[PDB]
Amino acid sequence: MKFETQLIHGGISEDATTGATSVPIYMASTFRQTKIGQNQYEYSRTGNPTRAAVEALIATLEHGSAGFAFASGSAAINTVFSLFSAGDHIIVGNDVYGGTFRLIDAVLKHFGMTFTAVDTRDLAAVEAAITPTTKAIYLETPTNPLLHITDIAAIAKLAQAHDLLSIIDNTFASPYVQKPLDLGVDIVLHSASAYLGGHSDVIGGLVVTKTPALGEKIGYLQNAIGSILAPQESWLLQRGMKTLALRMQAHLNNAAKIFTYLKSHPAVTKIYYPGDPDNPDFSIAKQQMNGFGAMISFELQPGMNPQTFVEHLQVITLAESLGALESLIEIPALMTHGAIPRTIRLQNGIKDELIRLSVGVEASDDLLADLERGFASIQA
């Protein structure tokens, strides 16, 4: 049907036998069998009706073939990279969530995997990074937290041309804004803690594969490694997913309003927003994004203290995470990207004074009034 209708009714969204208008929460760890092998489900880790349904939904939403729900976005990333073996080289984006940076440096390189960081907006930089042992290209768009917009279909074509895998981290856009499998990508993955759960009460990850033979691989790993999303929280994700469209419009609209508002502040010295029209990413954003996202990062004038600004907001809420109905705000150097050494941070674009604002769903008037409370506290 149309996309709004797929949220309500797509995936598996009911119970065949009873008519229940809500996938039951199958807490059972195991399932009895009449004949061996013939049983439809066998063990809750290998798969169960509750997580099966959330998996179904994220996949129809992403225009892919198979969904896979994981305990966290980190856990999803980890078993996706478990496709690769020692010797393999991966090209990564120069700006990714600090944890993806951490999992690579602190774990994956232990496993014989090598990495090269690349501004994947420069395709020649990407093309130049491809070695005979290179096996994949991993990137986010928009990036955490600078919101660099990368050309998905471009990177996908590069990947196919060289028998590489394309892995896009679609957390910030969500399928309402971007469906990377529709631009040639092989694997799409989400931190469903953000916009797909949307209510600030679920940690989880999602992977959606387009080919069926890579669904086999990601599934075999999901079950062999077991970092699965549990029944209650699979059920909550799917519950929060049903409002994704309604929530995401409210986010996008509010963020338009916050950007025009921050641009009109001289206290604000730089702004990161894919809808900034002097931003060179502006056109690739329009082309591949239905909306410009609801994340804005910005810098204050160098003498101005961002912690003062942030600790004096009162409707906006100082915390990590993003994609929540509540507008969260954060200083990535002191929080989500402290896992990256300060020298690499400043080298890749993340000054110590950067502020990252997950625009939320509250009434726009109350948000601007609140941001004013924070500008007022640093004398502006």
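All residue numbers are counted from 1 along the displayed sequence.
Student: Using the B-factors recorded in the PDB entry, average over the C-alpha atoms of 150-158 and of 249-257, then report which stretch comes out higher.
Tutor: Per the PDB entry, the higher value belongs to 249-257.
Student: State which stretch shows the higher mean Cα B factor in the entry: 30-38 or 332-340.
Tutor: Per the deposited B-factors, the answer is 30-38.
Student: In terms of recorded Cα temperature factor, pick the maximum from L181, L214, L237, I296.
Tutor: Across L181, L214, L237, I296, the entry lists the biggest C-alpha B-factor for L181.
Student: Name the residue from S72, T141, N223, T116 with the greatest C-alpha temperature factor listed in the entry.
Tutor: Spelled out: the listed residue with the top C-alpha B-factor is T141.
Student: C-alpha B factor of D169, ranked within the chain: lowest, middle or highest third?
Tutor: Lowest third - that is where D169 ends up once the chain's C-alpha B-factors are sorted.
Student: Taking only the Cα B-factors deposited for this chain, tell me whether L357 sits in the lowest, middle or highest third.
Tutor: According to the entry, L357 has a C-alpha B-factor in the chain's middle third.
Student: What third of its chain, lowest, middle or highest, does the C-alpha temperature factor of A129 fall into?
Tutor: For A129, whose C-alpha B-factor we compare with every modelled residue in the chain, the answer is the lowest third.
Student: Pull the Cα B-factor of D281 out of the PDB entry and bin it into the chain's lowest, middle or highest third.
Tutor: Its C-alpha B-factor belongs to the highest third of this chain's values.
Student: Would you mind checking where the Cα B-factor of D370 ranks among the modelled residues of its chain, as the lowest, middle or highest third?
Tutor: For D370, whose C-alpha B-factor we compare with every modelled residue in the chain, the answer is the middle third.
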